[PDB]
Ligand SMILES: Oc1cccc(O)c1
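As a starting point, one isolated chain is supplied in C-alpha cells, in the form deposited without this ligand.
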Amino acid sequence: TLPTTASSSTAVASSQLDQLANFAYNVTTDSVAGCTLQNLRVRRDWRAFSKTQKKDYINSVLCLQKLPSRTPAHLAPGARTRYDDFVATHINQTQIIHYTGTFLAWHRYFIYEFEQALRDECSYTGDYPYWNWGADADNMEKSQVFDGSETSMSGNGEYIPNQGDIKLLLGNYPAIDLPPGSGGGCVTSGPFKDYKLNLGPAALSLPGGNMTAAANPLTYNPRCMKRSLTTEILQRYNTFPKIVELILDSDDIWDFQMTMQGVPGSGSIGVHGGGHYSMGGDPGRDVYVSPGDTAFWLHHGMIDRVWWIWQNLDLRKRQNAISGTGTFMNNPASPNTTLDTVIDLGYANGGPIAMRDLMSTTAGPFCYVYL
C-alpha cells in the first residue's frame, strides 16, 4: 500500500516518494493503449543520463541558443535566438502564469514545446531530463545539474563575499529572508559559460533587498548568466520530506499548487520557489526571466513530475482538477480558469491550446511518463 503521511526521515521519505512514483507510473502505463504504450516517451532523472546522453541534451540546448529568433523583432527587440523566443514569451506572460489556475498546465505545455524545439530543430532524440531536488538538498554544488563540469548546466558563479540577504516580497507581506549563496557573479565553467543572457532583468531580486527592473525587459541587455548556488535554500524548502508533504498533505489542486508555489504570508516559498532561488544570480532570482537559466527546464521537469504523481494518487478526482483565476494571485480579479481556458506560448513554439488538452500527460499533444 501507499504512504498517506509524510515522514520526517530523509531516507524513507525518498523511498516514500519512490513508491508514490511507481504507483503513478503503474496507473499511467497500464491505462495507455494518439497516445499508446508504443509512442509513450519516458522522462528521466538527470542522474540516470549517461555522460554522452547528458551532452546530447546540452548540445541541443546550445543549438537553440545559436539558431536565430523567430519572434517579430519589434515585439521582443532583445531576442536573438530560438532560446530567447522561449524566454521572451515567459517574461511576456509572467503575470498570467504564476499563482493562476493555469500555472501547472501552462508550464507543462511550455516545457513540452521546448522539448519539441530541441527535437525538431536541434536533432534531439533523447529523453526529457528532470532535476530531483531531494537528492541534492545537502550539497547543491555536488548536484549533477550544477557541479560546473562539462555535463552540468554550468555551476556556480564567481564568489562575491559579504553579500546581503535576499528579501522576497510576495505582495505587501513581510519579507522572506534568504542567504546570498556562495557565488554571485558570472558562471565560471560548464557548457554555458559563454552563453549570453539577452533579456531582462524584469524583476531581479538583489542581495541587500534591492530589485533591478529594466524599463522594457524584452529589449536588448546582453550579459552573462549569473549564479550563486545556495544549499541552505534547498534544505529549507526542497528536501524529500518537503516534497512528500507537498504530495501527501494536499487534498485538492488549490492546496497543491499553492503549497508548491509558497502561499504568501507563510514564510515559505515551496519546492518551486526553493528550486528557482537556490540557483541565485540572474535570472535565477527573477520570476519573469527564470527560463534564461538553463536549469529551469529540469526544475520544471520535476515540477511537472510532482504534479503528475499527485494527480495519479486520485486520478478520478484530480486528473482535470483546476483552481484559481487568470491573474497572478487574482490581482486584479479575473474569471476562474476553466477547462476551456486557452493558453499559448506566443512565438516560442506550438499553437493556442485549451486547458482540457493539457490536464493529462497521455492525452492531448502529450504522451509521456516520468521514471
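Residue numbers here begin at 1 and follow the sequence given.
Although not depicted, the form solved in complex with this ligand is the subject of the following passage.
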task: Identify the site as open or blocked, taking the pose of this ligand in the entry with it bound and overlaying it via the site C-alphas; a blocked site has 3 or more ligand atoms within 2.4 Å of a backbone or C-beta atom of the shown form.
output: open
message: Please identify the residue among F86, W131, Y277, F146 with any heavy atom within 4.5 Å of this ligand in the entry with it bound.
response: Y277
- prompt: Tell me, which of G190, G273, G301, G292 has a heavy atom within 4.5 angstroms of this ligand in the entry with it bound?
  reply: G273
Options 265 to 273, 177 to 185, 121 to 129, 108 to 116; stretch whose heavy atom lies within 4.5 Å of this ligand in the entry with it bound: 265 to 273
- prompt: Using 4.5 Å between non-hydrogen atoms, is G284 touching this ligand in the entry with it bound?
  reply: yes
- prompt: With the cut-off set at 4.5 Å between non-hydrogen atoms, does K226 touch this ligand in the entry with it bound?
  reply: no
message: Taking this ligand as it sits in the entry with it bound, is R82 in contact with it (heavy atom to heavy atom, 4.5 Å or less)?
response: no
